[PDB]
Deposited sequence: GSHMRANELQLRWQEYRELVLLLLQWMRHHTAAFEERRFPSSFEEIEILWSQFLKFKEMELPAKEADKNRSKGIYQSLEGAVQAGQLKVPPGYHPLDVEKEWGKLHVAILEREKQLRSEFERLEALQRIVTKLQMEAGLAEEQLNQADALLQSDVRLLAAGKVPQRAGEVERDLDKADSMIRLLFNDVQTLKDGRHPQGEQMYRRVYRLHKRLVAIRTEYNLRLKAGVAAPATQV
């Protein structure tokens, strides 16, 4: 009777408290490197929020109902409620879980927006890298045509222009290294790979500027 409902109430609240703490700690704990990863985390989150949580909410509210029938024995002292087992303590922990759930949902949308931002930067960097490349190609092509004029004992015509082209590629390569550092800061998983590619264009730049300094300056 009383011993029954007391038993049922304690069994229930014990499992509820274990579950809430378990899930509260799991939320304290997981940053995605890709959309593939964030999609799984989000799915897992929604599965929890929409499938597991309401069942536990039912148990919580059922435990409250069971306790109200025990309240006469509790007040009178026949039953002592262990610390942390009162409907007040269940609600406290339920509240902390609820807060952790909202924070996690906000962190997951914030992570999705970071991933979108990183993608913008990756597109921009790839577009700029093509232009920096073309700029090094145009600088190198002018240089060889001047060198070719320096074969036929003729004077260079585009020295001024080669200088400008190199100063442009330099400016663009510097924008590229800053995009790369923005990727790295954002922990894009290939940040490092992209650094090496930009470092390569920089190497090309130094090679072309050295040749230019040797031949035309």
Numbered from 1 on the deposited sequence, the unmodelled stretches are 1 to 7, 37, 226 to 235
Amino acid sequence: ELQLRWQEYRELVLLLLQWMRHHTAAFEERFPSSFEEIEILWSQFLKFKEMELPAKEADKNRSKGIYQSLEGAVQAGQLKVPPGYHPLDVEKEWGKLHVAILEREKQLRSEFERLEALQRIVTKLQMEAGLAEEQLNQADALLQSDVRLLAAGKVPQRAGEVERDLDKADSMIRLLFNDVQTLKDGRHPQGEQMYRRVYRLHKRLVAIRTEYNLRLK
From here on, numbers count along this sequence of modelled residues.
Going by the entry, of stretches 61 to 69 and 38 to 46 the one with greater average Cα B-factor is 61 to 69
Comparing 94 to 102 with 141 to 149, the higher average Cα temperature factor in the PDB entry belongs to 141 to 149
Per the deposited entry, the peak Cα B-factor within the set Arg209, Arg196, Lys203, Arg10 goes to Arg196
Looking only at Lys80, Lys124, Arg109, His86, the Cα with the top B-factor belongs to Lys80
Chain thirds by Cα B factor, record data; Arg215 belongs to the middle
Chain-relative C-alpha B factor for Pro189 (record values, thirds): the lowest
On the chain's distribution of Cα B-factors, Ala76 falls within the third called highest
Chain thirds by Cα B factor, record data; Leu175 belongs to the highest
The third of the chain into which the C-alpha temperature factor of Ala159 falls is the highest
